[PDB]
Structure formats: structure tokens, C-alpha cells
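Engineer: Mind folding the following:
(2 chains)
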2 protein chains.
Amino acid sequence: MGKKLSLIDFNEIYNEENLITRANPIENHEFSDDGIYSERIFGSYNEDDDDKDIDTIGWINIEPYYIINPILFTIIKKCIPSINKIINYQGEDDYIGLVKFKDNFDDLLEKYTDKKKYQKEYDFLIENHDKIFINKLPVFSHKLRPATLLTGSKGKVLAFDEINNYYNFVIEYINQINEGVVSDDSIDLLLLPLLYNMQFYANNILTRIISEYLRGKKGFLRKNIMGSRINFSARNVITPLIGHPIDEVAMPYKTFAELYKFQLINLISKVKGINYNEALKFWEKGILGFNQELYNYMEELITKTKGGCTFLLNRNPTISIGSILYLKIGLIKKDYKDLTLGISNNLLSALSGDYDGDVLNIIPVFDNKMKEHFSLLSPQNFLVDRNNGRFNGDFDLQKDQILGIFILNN
Amino acid sequence: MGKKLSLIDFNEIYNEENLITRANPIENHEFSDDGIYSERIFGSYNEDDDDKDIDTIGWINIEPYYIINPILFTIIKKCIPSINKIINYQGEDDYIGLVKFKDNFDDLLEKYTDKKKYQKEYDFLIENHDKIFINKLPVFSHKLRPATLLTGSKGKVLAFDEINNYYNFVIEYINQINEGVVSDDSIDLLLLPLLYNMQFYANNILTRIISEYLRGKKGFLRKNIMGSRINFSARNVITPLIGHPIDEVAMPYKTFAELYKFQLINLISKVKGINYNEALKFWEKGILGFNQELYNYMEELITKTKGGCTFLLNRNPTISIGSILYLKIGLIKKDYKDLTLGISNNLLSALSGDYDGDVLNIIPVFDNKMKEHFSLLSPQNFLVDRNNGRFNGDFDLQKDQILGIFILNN
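Structural biologist: Numbers count the residues shown, from 1 in each chain, chains lettered A, B, ... in the order given. Find the structure here:
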């Protein structure tokens, strides 16, 4: 909640064009162009025609009246504990009201504060005095806050989150206040409570957005920091491979098909002169069982692609150099049942994994530029131990390999 | 907030006759008979036809769905921390739903308990199983929640308590769920959001009742304990009176007129055979300045009244026996400017007051029964010291009087 960050002066950024001064949720059986769910300023389902993003932000005007800034409310509350009582209208001045509070705020801040307890807050109030009172409160895009239509016994009804209720309530309260000319002549003293409710609703709007961050905005973003879910990824068991170079590997039929699907569909469309959807039908048929034709397209990709077909192999935990390795797909297996990645025994020591049923993550790299940059993680570059500069025994001959050379030479 | 008192089963008290199912306060330009602001069920103070006191309470039916008891929510929350999460849909049973929570409450309560901390709360929940779930919500009389009449340009202004805005909102949510009989086709239950917000709204309504108790409801009762504001009361400065008995005192013209205003008008109406409104006009003229005629009626009243014309004189602090004394109105002063009570010097010592310009409180007693009962506080009854049974020196001769008797005898 409480964060130290730059504040924004709403009045400068406020745009009169996207101003919601109409509180009506619907107008004459239609979504109001001036309503909260406005296609003109916020956008609609046809968002490509609109060219208006989620960033589109609506505005509401409280002029000629000012409210306490919702973000700055808590610090004022700590400085002035009686803020909740004082704002309501029912020392020298007590419980004067919101409009009266504005006129005497500077004196009141000195009047009811403990300097030692809240000096930093008081200094902040002096620093950002101009931003204490707000004339316009922003409303975020209706695309973020959906209103799903439902059928009702009396009539079709729109279900929507409470945030929309908070916004429309605020606009409803303000709309009547500005209209009255001869009503207001002496009513102005009981008009103040109406403004008070608006301030509380805006505070809940601020609190709800804080909860919105918890509900898959900040939680999802920090979950992404916890674990970014990458497409074009795979998990596979490792099996020993013999007779092929160390960097090259053998990949199962199913593994290659999914990761290089779009590359595979490109070739089938070009070779057979078919639509992309029709090419997908060929790929779907191949997924079910081994067919030589799709294997031929897969074999051509590994054979003829520039830089080869390469990927990154990581064994978690990724705590050591060589945990993630840049490798090449030498062969594609012709057994549908075989679902094990074939790796050289020399790679195993660097990865620190075992052929005990452990699974390694496969992340293919496509761009030739990206392929080159990740080639610094290749096994060939890791033949040199980085601390010593000597050859790394991790990539040296292992148990079975050493014995054969020993019998040969010794 | 830490209060223990008997709970109420709303179904037992539920009355279909006093049922508020209409959220619209006004119907066809008149107060709705079924509305929240209903003259039909609550009444109108002006017309005698209402015959209904504030004790009248309206009723609402929430069936076929139940809400958590508003008073017991905090007690349930301490036992079950997930109550807030569970009721809404977004541990193992996190966010199951209100209806699912209602069915599985016994399982959830056993699941979420503190063995040492919340054993007392758990036992209370066992005691009040029947009162946990609420099917009927009470609505208090519209007479208590005033609507101040004001003119508005858009429309005539309807004034409402902060709670009153919530009341019309609460009724709307349930109204829609019941209208549909077969409409939902079991495909999508959106009733939970409507019920969910309602629980908080009723809870805030309950908190408002706590604030309403703070707003001069129970506090005014405490104001009576702190100081009951007694009408038919007076305050006057004390000046010595000589030549009259200890029990008798001299009362100013204005003091007697106001205190005995209703007694005096009865005599004036009878003697002149005039209406009480016309008799009041004469009383107003006499109060403005001294007139012999009103003094004569007052003089007759003090002479001929049954039990005499008597009052209670208290000097605060009323911490001693004799601080409040039952006294008699012997004479009425004929000087309008003279506003000093004439008391015997012997009374002063018991009262503990002095003739220094301090004021003593006058509480007149009217009923003959009360006069006898309060006569136990008379000076003659207190001539006997209750501690010893001896004569009370407070009522004896004082400094100036002792000197004369001493010169006489010694």
C-alpha cells in the first residue's frame, strides 16, 4: 500500500474529450457514448478498428468542488485523526466540513498534529500541497472491468463488478449537484454530506485497484518473476546416446513436432501448395502416429535449417555453469513410443543430472542472431574451465569410456 | 464489541403484514404503502390515525438463500479466517462459495479453530447453532430515519441518512433473484455476488446502528444518567429572609409564574370564563411586567393549594444530608426586579451554601402524594441528627442570632 513514488497532477493530464459527466449506465436501451462503458473513448470489442488501447483512461469532473486525494488520505488521517469526523457536516473550529476544511487546512494541519510522530508526513504535505485536493478522478478502461449481460425475469440485466457501482454512484451524486441553480441558494450547507460519500467511494476505488493488483495484476506479474511461462517449451526424460557428437542429440517424434510445428507447417504449405489450415490437418494426422511423410518434413528441417535446429537444455536447479546448454538436434527418432532425449554421457557431468528418470527442460532457439548469442552456452565453449582456464573434466571421458582406452593403451 | 445478551430468532418474530419488499420509497407521487418509507406500516406523526409507535419494525424475506448473521460475523471470523475468502468466488476449500459454506459449516468450523484461543467462541457457536444462519432481515421504522423536505431543481430533494442510501440498495439485490423461477436453467449462478455485497451492506448498516447509538440514541439515555434535564425547574440567587418560619421561603414573581404557568392558567380560564388560548395572552402580559391581578391569583394559589406550594432546593454538590431540602413558598415578592430567593439563616448550614451570589436549584413538586414522600427531606424531619439522634446544630441559632439571646440571658 504505502509507497514512496512520484505523484501526478491530474488536472494537467486531464482530457475533456473523455469526460464522463453522464451517470446513466444505459441510455434509451443503448450503451451511453458518455457512459462509463463508452465505445468512443474506451474502445469496444472491435478494438483493431478503434486503435484505442487499455491505456485509455476516462475522467470525471468534480468542479467546482475538490476532494482529498485518495492516495494521500492515509497520511492526512495519521496527521489528523479526526479527519473522518471533521469532513461530515451536521478548538475554535470543529467538524466544519470538507469545503471549510480546504480553507483552513494549512492552519488545521498545524493545529492538530504531533510534529515528532508525523514530521515526515507533514513535510510531504508541504512538498505536495498542490496535489492534496483533486478536481478530476480517473476511471480505467471498461475493457479491464467487464460487464457481462444476463437474462432477467423482469428484463435483461447487466452483471458487473462493484468498481463500476462505485464509479456510477460517484457520477450520480455529482451530476445533480452542479445542475441546481435556485435549489442551491440556501441548500449548500446540507450539500456537503453528498460530497463526503463521494470521497469514501473514491477511497474504495483506490483500495479495489490495490486489490486488483493482488487479483492477477501484481500477483500475476510477480508470479511471472517467480516463473515466466514460456511457450515453445518441452520436458523430456534423458537416455544415453552413443555414436554421435557430444553437441548433437536425438529428439523423439512427438517432441520435435510440437516445438517446430509452425516451421513444419510452412514447409508442408509450400511443398503441397495448400492453405495453412489444411497444412495443420496434415500436422494433426502426423501427431497421432508415425508417418514417413511428416518425418521427411522433420528430417529436412534438421538437415537444411541454417545453423541447425538448436535448443537450450537445463537441469534444475540451475546453480552451476553448464546447467543450461546450447545443443543441436542431430536425429529424430522413428519410434513413436520412444519419448527419451538422447544425450552424450560427457554432457551429464556438466548438467549434474542422472539417467534415473529425471526430466530436463527443452527450450528451442529460433532466431539466427539468438542462436549465435546462445552459442556461447554451447558444450564446446565450456570445454575450458572458467576458474582455471584448463580443460574441464566435466566433458572428459567417463567410466565406460575410460576403461576401453585403458585396455587399449595400458 | 464484547457484549453478551440474548439472541433473537427472526423467523419467530417475522410478520408478513409488516413486510417491506419494495425498494422504491414513493409510489405515484405519494409515500408507497409497501415502500421503505411507508406511512402504512410505520405511520405519520401529524395524523392521529397512525396509532403506531416507533417500536414497529418491518421485515424482509431472503429465502431461498441464507446470509451470515451480521452480529456474529466477527465471532465467526475469529474461528474461521477464510470466511471472507470463502463466501466470494474467484486453503483446500478456499473460495468454495456461500451456499457451499452453509452446507459444510460444521466441517469448516471444526477445520478452523484455535484449541486454546477460540475454544470459548466455538462453544458459543455450538450453543447458538440455530442463530448462525439468517433468513429474515429486519428494517427499522422510517420514523426513526428522517427524510428532510427540501426543494431541488431537478426534483424535490429527498434527504436520507447514510444508512438510508444502503437500505434501498439492499432490497434491490434480493428482489431480482426471487423473480426468476425457471430462468436460471442451472447454467450460471450469479446470485452469489448479489448476496455477498448484501452481507457487507447489512454489516455496515449494523455498524451504522452502532454509530446511531453514538448519535444520540443510547448516549441520550446516558445523558439522563449524567444529567436528566428536568422541565419545571428554576435557579435563583439566595438572599436572607427574616420574619418567616424556617420552612417557608420567598419566591420571585417570575420564578413562580413560569414554574406554575399551567397551574395558573387553569385558574385564569375558570375565573374569567375564557379559552385557554385567551388565558395564555394574559399570562404573557403579566410576565412582561408586574400586574396586581396576576399577583393576586398567585397569592390565592399559594394560600389555598392542597399540601401547600412546595418545592425542592438543592445546593450542588449534593453530598450531605440536608443538601436537598423540602421547603414551602410562604410569600411571593411584589418587585419584578427582585429575583432573590429568601431563605432562613438556619437552613444555610445544612445546605452548606452562602449568600455570596451563588445560585441554588429549585425543583417544584406538584403531586400531593410526592409532597408527602418528599416531606421526609423537610427541615423539621432533619432536626434530628441521623447519626446520633440528637438535635442538629445546622438548624440551630447562628452567629447573629446567638449574640442577641446571649445578651438577653447572660
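
Engineer: which ones are touching residue A:374?
Structural biologist: Contact analysis of residue A:374 by Cβ atoms under 8 Å, 6 or more residues apart in numbering or on different chains lists A:310, A:312, A:326, A:365. To be clear about C-beta, it is placed using only N, CA and C from the backbone, and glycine gets the same treatment.

Engineer: scratch that, residue A:145 is what I was asking about
Structural biologist: Going by Cβ under 8 Å, 6+ apart, residue A:145 touches A:160-161, A:163-164.

Engineer: Of the residues you listed, just the buried ones, ChimeraX syntax please.
Structural biologist: To isolate the buried members of the contacts of residue A:145 in ChimeraX, using 16 or more other Cβ atoms under 10 Å in any protein chain shown:
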select /A:160,163,164
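
Engineer: Check the gap between the most centrally placed residue in chain A and residue A:141 for me.
Structural biologist: In chain A, the residue lying closest to the centroid (Cα atoms, centre = their mean) is residue A:221, at 4.7 Å. According to Cβ to Cβ, to the nearest Å, residue A:221 stands 18 Å off from residue A:141.

Engineer: Give the helix, strand or coil label for the residue in the stretch 51-200 of chain A that chain B sits nearest to.
Structural biologist: The nearest approach of the stretch 51-200 of chain A to chain B comes at residue A:153, 3.8 Å away (Cβ to the nearest Cβ). Under DSSP: H, G, I helix; E, B strand; the rest coil, residue A:153 falls in the coil class.

Engineer: who touches it in this structure?
Structural biologist: For residue A:153, the contact set (Cβ under 8 Å, 6+ apart) comprises B:176, B:179-181, B:183.

Engineer: mind redoing it with 10 Å?
Structural biologist: Counting by Cβ atoms under 10 Å, 6 or more residues apart in numbering or on different chains, residue A:153 makes contact with B:176-184.

Engineer: so which pair among those residues is furthest apart in space?
Structural biologist: B:176 and B:182 (14.8 Å; Cβ to Cβ).

Engineer: the more surrounded of those two?
Structural biologist: residue B:176 (17 against 7; other Cβ atoms under 10 Å in any protein chain shown).

Engineer: so the more buried one makes contact with residue A:152?
Structural biologist: Yes: contact criterion Cβ atoms under 10 Å: residue B:176 and residue A:152 qualify, at 6.3 Å.

Engineer: So what does residue A:336 look like in phi/psi?
Structural biologist: phi -60, psi -40 (degrees, to the nearest 10).

Engineer: Touching, it and residue A:255? I think so.
Structural biologist: No: at 11.3 Å, residue A:336 and residue A:255 do not qualify as touching, with contact defined as Cβ under 10 Å.

Engineer: who has more neighbours, those two?
Structural biologist: residue A:255 (22 against 14).

Engineer: just checking, that one touches residue A:329?
Structural biologist: Yes: the pair residue A:255 / residue A:329 is scored as a contact, 9.2 Å apart, by Cβ under 10 Å.

Engineer: Next, show the common contact partners of the two.
Structural biologist: Counting by Cβ under 10 Å, 6+ apart, the residues touching both residue A:255 and residue A:329 are A:311, A:341, A:362, A:364.

Engineer: Chain B contacts on the stretch 51-200 of chain A?
Structural biologist: Contact residues (Cβ under 10 Å from any Cβ of the partner chain) of the stretch 51-200 of chain A with chain B: A:88, A:90, A:148, A:150-155, A:157, A:159-162, A:165, A:169, A:173, A:175-177, A:179-187, A:190-191, A:193, A:196-197, A:200.

Engineer: longest helix of chain A?
Structural biologist: When every helix of chain A is counted residue by residue (DSSP state H), the longest turns out to be helix A:192-214.

Engineer: mind checking which helix or strand the nearest residue to residue A:64 once chain neighbours are set aside is in?
Structural biologist: Spatially, and ignoring its direct neighbours in sequence, residue A:64 is nearest to residue A:178 (7.9 Å; Cβ to Cβ, 6 or more residues apart in numbering or on different chains). In the assignment (DSSP states H and E), residue A:178 maps to helix A:162-179.

Engineer: tell me the phi and psi of residue A:363?
Structural biologist: Backbone torsions for residue A:363, taken as degrees, to the nearest 10, come to phi -120, psi 100.

Engineer: no wait, residue A:393
Structural biologist: phi -70, psi -20.

Engineer: what's the neighbour count on it?
Structural biologist: 12.

Engineer: now it: how far from residue A:83?
Structural biologist: Noted for residue A:393: a distance of 70 Å to residue A:83, by Cβ to Cβ.

Engineer: and if you look at residue A:216?
Structural biologist: Taking Cβ to Cβ, one finds residue A:216 at 33 Å from residue A:83.
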